[PDB]
Amino acid sequence: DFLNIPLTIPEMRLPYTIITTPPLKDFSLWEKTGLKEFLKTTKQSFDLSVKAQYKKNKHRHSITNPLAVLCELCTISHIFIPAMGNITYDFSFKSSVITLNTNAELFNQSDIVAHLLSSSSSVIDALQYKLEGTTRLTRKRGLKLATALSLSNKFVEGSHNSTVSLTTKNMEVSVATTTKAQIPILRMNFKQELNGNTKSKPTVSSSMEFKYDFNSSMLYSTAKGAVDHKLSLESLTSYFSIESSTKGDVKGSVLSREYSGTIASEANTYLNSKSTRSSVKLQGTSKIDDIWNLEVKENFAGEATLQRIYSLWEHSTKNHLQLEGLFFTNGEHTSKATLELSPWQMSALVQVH
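Residues numbered from 1 in each chain as written, not as in the entry; some residues may be left out. Part of a larger assembly, values for the part shown. Heavy atoms only, no water.

cryo-EM is the method the PDB entry lists for this structure, together with a resolution of 9 Å.

Right, dumping it as structure tokens:
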């Protein structure tokens, strides 16, 4: 309260100088500097409470380990599953402007159940948020885990979902994460999907999607795009197929001049006891300010069979134009050229330049 007192200071002339400082009227530092308004208080009262108790349980669950598999003390050895009690830890602090209360609870009777709760409250918008987290793992019939996380923040929206389940015969993995940024100038959204599954033959899905929204008004540069990928993987016993393709997409403008970029690729590989093949196609198509365009066809193709061999490597085409001066052009590139090999026959044709 003393600091809230609006002290009046008279006009004084400092010794050894001709300076006469101005008087101060109703100088309530706690209020005239905005602290009274900012913190909503005329003083400081702080309460901190921390709890870290633990009801100790030193017992364990001893699961006999079946060494009989090797025998064909086949059954005298113990897999230890602790009988620990709950671990409790609550943190709570109090104040006028900020209030934090986070509770973490962990259960360890025989399985694992972990839950977290963080509560933040403040006069400031960003300082107020909610975070929740639950992780559950069961071991009675193998390890089956399910983790889900959610964040409640003004600028970040985090949703994360991981669940690894073992049904005592089959293997399931799935990752479903979705989170987006809320930055004004650069708004972003990404999304993760990964579902590796193995009933008899493993099957894996890989789709990565990303979006980005950019605009720099001060720099007068703006661009939008998305880079997204899809991978298909099939490790079948009969044969093994791997398929991958990606698309680097973006459009933008800089100082009233357009920025163009779009990259697409298709990667394809095939394997088998008799024949294997792999052909990957590329399009580097892009240009800056509508200049130097047509980055095209950097593709290749190859095939190998027990009977024969074939190859086609770097057929391409290019044409890039300058939009300054007298519009000089150059797009040099190779023409298609191949190779085929068979018994008794050797054929090699090459066209280039």
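**Some points on the overall build of the protein**
This is how the line gets drawn: The secondary structure listing takes helices from DSSP runs of H or I that are at least 4 residues long and strands from runs of E that are at least 2 residues long, numbered from the N terminus. In this setup the radius of gyration rests on C-alpha atoms only. A globule is expected at 2.2 Å times the number of residues raised to 0.38. Only protein chains enter the calculation, and the probe is 1.4 Å; a residue is then buried if its accessible area is under 20% of its type maximum, exposed if over 50%, and partly exposed in between. Computed with the Shrake-Rupley method and a 1.4 Å probe, the accessible areas treat only the protein chains shown as cover for residues. Counted as positive: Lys and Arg. Counted as negative: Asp and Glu, with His and the chain ends omitted from the count. Charged groups are reduced to one reference atom each: NZ for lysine, CZ for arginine, CG for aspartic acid, CD for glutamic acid.
Within the protein one finds three helices and 29 strands. For 353 residues, the compact-globule formula gives about 20 Å, and the C-alpha radius of gyration of the protein, at 34 Å, lies well above that figure. Expressed along its principal axes, the backbone C-alpha trace of the protein runs to roughly 110 × 90 × 35 Å. When the 353 residues of the protein are sorted by exposure, 18% land in the buried category. Summed over all atoms, the accessible surface of the protein reaches about 24200 Å², with 64% contributed by carbon and sulfur. For the protein, the distance from the average position of its 39 positive side-chain charges to the average position of its 32 negative side-chain charges is 9 Å.

**Here we look at the pairing of strand β16 (residues 202–216)**
The condition that has to hold: In this analysis, strands are considered paired if DSSP registers two or more bridges between them.
With 13 bridges connecting them, strand β15 (residues 186–198) and β16 associate as antiparallel partners. Residue pairing across strands places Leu-186 opposite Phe-214, the latter belonging to β16. The antiparallel pairing of β15 with β16 creates a hairpin that spans three residues between the two strands. Sheet topology note: the β16/strand β17 (residues 221–235) ladder contains 14 bridges and is antiparallel. Following the sheet pairing, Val-204 is matched in β17 by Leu-233. Here β16 hands over to β17 after four residues, with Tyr-220 in that stretch at a positive phi of 60 degrees.

**Section: the side chain of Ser-279**
Heads up, the condition is: Two N or O atoms count as a polar contact when they lie within 3.5 Å, although within protein this holds only if one can serve as hydrogen donor and the other as acceptor, and sequence-adjacent residues are included solely when both atoms are side-chain atoms. Residue contacts follow a heavy-atom distance rule, with two residues in contact if any of their heavy atoms lie within 4.5 Å.
Tracing the chain through its elements places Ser-279 in strand β20 (residues 275–283). Residue classification places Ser-279 among the buried positions, given a relative accessible area of 18%. Of note is the side chain of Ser-279, whose polar atom sits 2.8 Å from the backbone oxygen of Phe-300. Beyond its immediate stretch of four places on either side in the chain, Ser-279 contacts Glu-266, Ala-267, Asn-268, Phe-300 and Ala-301.

**Focus: the pattern of salt bridges**
To keep things clear, this is the line we draw: Throughout this description, the term salt bridge denotes a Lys or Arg side-chain nitrogen within 4 Å of a carboxyl oxygen of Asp or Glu.
Here the structure, examined in full by the defined rule, presents eleven salt bridges. With a shortest N-O distance of 2.9 Å, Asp-213 and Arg-187 are connected by a salt bridge. Taken as a pair, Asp-213 in strand β16 and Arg-187 in strand β15 lie far apart in primary sequence, 26 residues in all. On the basis of relative accessible area, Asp-213 is assigned to the partly exposed category, the value being 23%. Between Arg-308 and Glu-303 there is a salt bridge, with the nearest N and O atoms lying 3.2 Å from each other. Accessibility expressed as a relative area gives 26% for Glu-303, which makes it partly exposed. Overlapping salt bridges, with partners in common, bring together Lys-191, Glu-193 and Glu-209 in one network.

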